[PDB]
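Since the structure comes first, as structure tokens, the remarks are kept for the end.
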Amino acid sequence: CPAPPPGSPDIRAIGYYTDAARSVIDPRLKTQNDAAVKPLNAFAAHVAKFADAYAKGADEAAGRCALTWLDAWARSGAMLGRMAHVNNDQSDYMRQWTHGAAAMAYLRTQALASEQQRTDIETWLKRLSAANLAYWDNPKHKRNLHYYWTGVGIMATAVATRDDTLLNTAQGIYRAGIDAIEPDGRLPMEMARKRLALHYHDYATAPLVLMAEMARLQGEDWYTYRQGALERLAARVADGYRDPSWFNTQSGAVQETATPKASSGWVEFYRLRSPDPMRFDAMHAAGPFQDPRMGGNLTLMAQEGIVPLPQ
């Protein structure tokens, strides 16, 4: 188990989008953003890799390594300090996403946690939940897919700590997303993203699906909430990768050419739930999918279950 990197209380990330619709890249600011947020992305990637290795079986040391890393950032109060707002709110988005990665890794490995590790990590995850939630108390923070992604960390924290009030908080975020889906499947705030409209519909679907899967672990069937809406959105995404005609028309721009990757791996879960699974065959074939922000290997979790059976 390698030594965990430093976990700073603060995040000083800088945005890279240079248009109002947030679909034009400043490649220099992007590259400088990937360097300022490197410790966060690398922490996420490691705890997800450790959790995946634990889930293969006969590797309890991997699960304990995840918990050593999580405990270390809990003890240093990582990400509980100041959030810089420069160019946009990329710092808050990184606190949302990294909370999600840490919470998922804990949810997957917590069977191996010592009692002190439980107290440290769960207190940290619940504080991250409160901090990330409070960000959205300002109504000028528009609740697009970043709001839905905020639900990932809150929900994995809720399930892992058996905190029903946090569970209901995540439910409100999930339901807010489902409620935003229009009758034809559009999410208007993501359709405003021009050439990235398909991309952002794809990445808005991912946290909703994952939250619904986690809810199954608590005995709740969130997939039935306004049943029909999530399928409409998910089918548009699959259709879009097959034929971007609809996204071209609805968004007013030719979609960037892209193939499903990483967070697109929500399809690994949803193809087992949909009334029309074969629509997702081509996205499924683009796998396997890995996203630390969603707990790691989505292809394997969809068939194994999110939380491996403890030895």
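Note that each Cβ is placed from the backbone with ideal geometry, even for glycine, and that neighbours are counted across all protein chains shown. Each reported figure results from applying straightforward, stated rules to the coordinates on display, with no laboratory input.
Using Cβ point charges alone (K and R +1, D and E -1), the dipole size of the range 208-311 about the Cα centre works out to roughly 120 debye. Residues 246, 73 in ascending order of nearby Cβ atoms (within 10 Å, fewest first): 246, 73.
Helices meeting the span-like rule in the chain (full DSSP H runs, Cα extent of at least 15 Å along the helix axis, mean Kyte-Doolittle score of -1.0 or higher): 38-55, 60-75, 90-109, 115-135, 145-161, 164-180, 197-217, 229-242.
In which sequence would 47, 86, 307 go, from the one with the fewest C-beta neighbours within 10 Å to the one with the most? Ordered by Cβ neighbours within 10 Å, fewest first: 86, 307, 47.
In this simple spin-label model, placing a label point 7 Å from the Cα along the Cα-to-Cβ direction at both residue 226 and residue 286 gives a separation of 2.5 nm.
Placing unit charges on each Cβ (+1 for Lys and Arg, -1 for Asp and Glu) gives the chain a dipole about its Cα centre, and among 107, 299, 254 the Cα reaching farthest toward its positive end belongs to 254. Applying 1/(1 + (r/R0)^6) with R0 = 35 Å to the Cβ-Cβ distance of residue 137 and residue 61 gives a FRET efficiency near 0.25. Charged side chains reduced to their Cβ positions (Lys and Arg at +1, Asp and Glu at -1) give the chain a dipole of some 600 debye around its Cα centre.
Percent of Cα pairs in the chain per distance bin of 10 Å, from zero to the largest separation: 6, 28, 37, 23, 5, 0. Listed by chain and number, the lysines placed with their C-alpha closer than 29 angstrom to that of residue 49 are 30, 38, 126, 261; residues fewer than eight positions away on the same chain are left out. Between the range 1-64 and the range 87-161, the alpha-carbon centres lie 14 Å apart. In the chain, Cα pairs under 8 Å separated by at least six residues give a relative contact order of 18 percent.
If the segment from residue 262 to residue 114 were pulled out straight at 0.36 nm per residue, it would be longer than the present Cα-Cα gap by 50.1 nm. Highest average first, the peptides 18-24, 266-272, 228-234, 165-171 ordered by how many other beta carbon atoms sit within 10 Å of their residues are 266-272, 228-234, 165-171, 18-24.
Within the shell of other residues whose beta carbon sits under 10 angstrom from the beta carbon of residue 144, the net charge comes to +3, with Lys and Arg scored +1 and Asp and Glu -1. Mean residue ellipticity at 222 nm, helices only, the chain: -18500 deg cm²/dmol; runs of at least 4 DSSP H residues each add -39,500 (n - 2.57), and the sum is divided by the number of residues.
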